[PDB]
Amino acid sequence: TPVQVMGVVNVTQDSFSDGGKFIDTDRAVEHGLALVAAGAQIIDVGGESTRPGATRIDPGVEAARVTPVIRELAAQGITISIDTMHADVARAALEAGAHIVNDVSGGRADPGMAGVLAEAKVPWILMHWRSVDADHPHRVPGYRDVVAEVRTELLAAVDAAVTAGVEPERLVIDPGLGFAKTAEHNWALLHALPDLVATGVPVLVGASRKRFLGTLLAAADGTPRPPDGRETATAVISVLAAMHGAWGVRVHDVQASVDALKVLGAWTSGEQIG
């Protein structure tokens, strides 16, 4: 039972991050093909961003961006997750060939998401993000115990999914590192990863390039490490997550995490025989 490496393809970021004017399906498809060639088991396709100050787009535009990419990658037999909070977008992505729904709201953004998943009978990833104030969706709340509360709320989301008719075997949970959480919250959640794995629900970890790695690796004068300088740290997290029973890791740099997991595998089996 090896850890699943989930490589990220965001069609909007691929098309626009370096200044491009037009949506570029072919670039995103070639990106996904390259991540598969580098060892990804799952390609997570997204059309939106949730970070502060992102460009905001209609769900119709979100779907129009992801579905051509999903259609071409699915035609190559690739396993594809759709990274969306919007039920209508998830449904369109499933029509296009996605086989997993990755919901950073954990079903809380769209009351129709549970019904989409219950009907489609595909896996549903429920990420933890406590976001009571839509005017401040990233504000860090007061946790008495972030470890216990994340677990409680993820399992409550699992319960609501099952009540809606999703089969328990099809749920995945994700602690949502960095989403209304401090760096210290993240490290407590990661140290407690075995506890969350012990729920029996598959656990996905997404640490790749997140702000707490910029903080961890800050320069002597306080300047955080830029996102490109966070990849060694991200790959080490993939290894420690794998060692502690994570079902999957969500990463941008698939090659670096695959390299790291090959080291873990070669070390572990180094004295085996026969």
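Numbers for residues come from their place in the sequence shown, where the first is 1.
J.: Quick one: say whether 87 to 95 or 130 to 138 has the higher mean Cα B-factor in the deposited entry.
T.: The stretch with the larger mean CA B-factor is 130 to 138.
J.: Please compare 228 to 236 with 24 to 32 and say which has the higher mean C-alpha temperature factor in the record.
T.: Here the higher of the two C-alpha B-factor means belongs to 24 to 32.
J.: Looking at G214, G222, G206, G46, which one carries the largest C-alpha B-factor according to the PDB entry?
T.: Max CA B-factor in the entry, restricted to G214, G222, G206, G46: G222.
J.: From the list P175, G165, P202, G178, select the residue with the highest C-alpha B factor recorded in the entry.
T.: Comparing C-alpha B-factors across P175, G165, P202, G178, the top value belongs to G165.
J.: Hey, what third does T55 fall into on Cα B-factor, ranked over its chain?
T.: Tercile = highest for this residue's CA B-factor.
J.: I42's Cα B-factor: lowest, middle or highest third of the chain?
T.: CA B-factor rank for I42: lowest third.
J.: For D259, does the deposited CA B-factor place it in the lowest, middle or highest third of the chain?
T.: Ranked within chain, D259 CA B lands in the middle tercile.
J.: Pull the Cα B-factor of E184 out of the PDB entry and bin it into the chain's lowest, middle or highest third.
T.: Within its chain, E184 is a middle-third residue by C-alpha B-factor, going by the deposited values.
J.: Split the chain's modelled residues into thirds by Cα B-factor; is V116 in the lowest, middle or highest one?
T.: It belongs to the middle third of the chain when residues are ordered by C-alpha B-factor.
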